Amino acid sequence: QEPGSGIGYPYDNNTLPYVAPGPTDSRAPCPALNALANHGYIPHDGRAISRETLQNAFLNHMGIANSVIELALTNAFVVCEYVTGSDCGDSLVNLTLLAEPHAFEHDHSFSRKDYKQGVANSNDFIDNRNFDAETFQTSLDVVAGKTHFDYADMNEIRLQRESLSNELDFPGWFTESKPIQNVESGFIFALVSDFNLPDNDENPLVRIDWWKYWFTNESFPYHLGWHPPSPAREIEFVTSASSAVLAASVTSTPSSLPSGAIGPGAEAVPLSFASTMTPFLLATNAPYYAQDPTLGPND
């Protein structure tokens, strides 16, 4: 928000306004990175981004501690080298390359289509990067009519997404990614669980309106009473949440789940790509921005 607005105070005392991305700006498949870039906490153009820029942006503007993004930073830079064909040093070339498929970006996302979702021909691909309202609605529908949801509900959401993606993706494309997705499950609980409830740290419940605002608008739900978690969330909370989601009892089982879907997941680890492997072409679509309604500087 505008620095003088005081909207972030006393949690963020140095805010910057929302600015929609333009057609030449680079955006990510990540709702967090996109919100940060929209506010210029990382470059508005989404290019040439250092590790410390990311660390400071998450810590000071989203209440996400450095520990939470340690692996994510490692993996962003691995993917940058893989996509561009050279070491990116400490300047992430852009945000868009993070949508390189079957890498950091993965199938069965909560709010993005898959790279080969619903394509008639094997060589074809689609926008697996920009926010997709219909896809997000498939996630939200699992918790329809509710204001909050718990670990068991999140487990049902990711199962629904896995089922739909396994059915809809071009045959042979779909690849399950429980470890990376469920770190992101933990990220959702870390950012938009309801800290106004007495037992939030131990038994976090996602506020659906906060989640929907963050994903749809790629800006922060201050108007709904959200603020950056204080103290900043640490990696322990995230991986504990991740484990809790996957441990939760499944009471409704979708059909067409991949083998072993129900059950614990492997620890997320650094990515690696063979030097022989050429990257998949990136979707070239202009960056998404909210238009129903468009957002003001304080939204």
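We number the residues from 1 along the sequence you see.
Checked against the record, the higher mean CA B factor of 52-60 and 265-273 lies with 265-273. For the segment pair 247-255 and 25-33, the entry gives 247-255 the higher mean B-factor, averaged over Cα atoms.
If you compare the C-alpha temperature factors of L73, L197, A103, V192 in the entry, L197 comes out highest. Within the group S219, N128, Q160, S122, the record's highest C-alpha temperature factor is found at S122. Ranked within its chain, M154 lands in the middle third, by CA B factor from the PDB record. Among the modelled residues of the chain, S230 sits in the highest third by CA temperature factor in this PDB entry.
The entry lists a Cα temperature factor for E184 that places it in the lowest third of the chain's modelled residues. Among the modelled residues of the chain, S86 sits in the highest third by CA temperature factor in this PDB entry. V143: CA B factor lies in the middle third for its chain, per the PDB record.
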